[PDB]
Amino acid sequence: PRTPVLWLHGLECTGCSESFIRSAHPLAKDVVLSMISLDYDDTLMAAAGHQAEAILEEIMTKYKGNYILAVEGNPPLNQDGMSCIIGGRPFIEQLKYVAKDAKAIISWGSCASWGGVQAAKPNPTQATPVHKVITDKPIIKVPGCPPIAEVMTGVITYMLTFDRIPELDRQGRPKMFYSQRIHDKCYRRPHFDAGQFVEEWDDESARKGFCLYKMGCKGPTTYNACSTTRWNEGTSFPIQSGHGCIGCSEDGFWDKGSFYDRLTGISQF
């Protein structure tokens, strides 16, 4: 009897859903068929309209306090919540209704975790992260824009195997994935350590894989698994492909100035 997952979508770009299905270990096919029961997820579910609505009532009843609520995106508080409408009603109402009987709540990505691109200034919809709306339930934050596929399924696999939320840091993120900064194990560190930096795009330094600090890399202040686990079954990561980290797993990264402005106080790193 597989654990039900109700996957809700607020204001979002659907990139977290897409990242999830890229997972190789385990395959998304194997999680959906053999590990979880993915009963509500507007991206892939057969039913629509009233028939889709009816699913939520059914699984909350039968599996009360034994389903996981996964949330992608977030609720807006402006426009009376109607900048995200589901079933003719504000998304925040659906969020609160499904959350109340969930065993655990997963905030997928930077949107759900922290506010995301829509909460960047001046935040016209007053998009608000899940944990600032649901205050009485256990929430695990899985940030990143989107998070790595294997981090997403890795959280799921852990919760399914042990029936527990993994150990979280102060900000509510799982330590098994977010304990290191990109800068800790970045393969370009030796260059940083010797003061070997790219100064302009495609200069000689860039062609030698020199550190991207002076091009704005936010790896020194960004917690994620990108430098070790890496992306799309370990194929690359932003820095390996030549662009600095933009800090996409961190709270409010859209409003920490230009992505190409270097961090100040290089001595601290």
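Residue numbers here begin at 1 and follow the sequence given.
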Exercise. Where do the C-alpha atoms have the higher mean temperature factor in this entry, in 155-163 or in 108-116?
Worked result: 155-163
Problem set entry | Selected stretch [higher average CA B-factor]: 65-73 or 52-60 | 52-60
Exercise. Which one of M215, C226, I239, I36 shows the top CA temperature factor in the record?
Worked result: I36
Exercise. In the PDB entry, which of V142, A127, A102, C84 has its C-alpha at the highest B-factor?
Worked result: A102
Problem set entry | Chain third (lowest, middle, highest) by recorded CA B-factor, residue given as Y40 | highest
Exercise. By the record's CA B-factor, is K29 among the lowest, middle or highest third of residues in the chain?
Worked result: highest
Exercise. Relative to the other modelled residues in the chain, which third contains the C-alpha temperature factor of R207: lowest, middle or highest?
Worked result: middle
Seminar exercise, completed: For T135, the third of its chain by CA B-factor is the highest
For this session: Please rank the C-alpha B-factors of the chain's modelled residues and tell me whether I148 sits in the lowest, middle or highest third.
Result: lowest
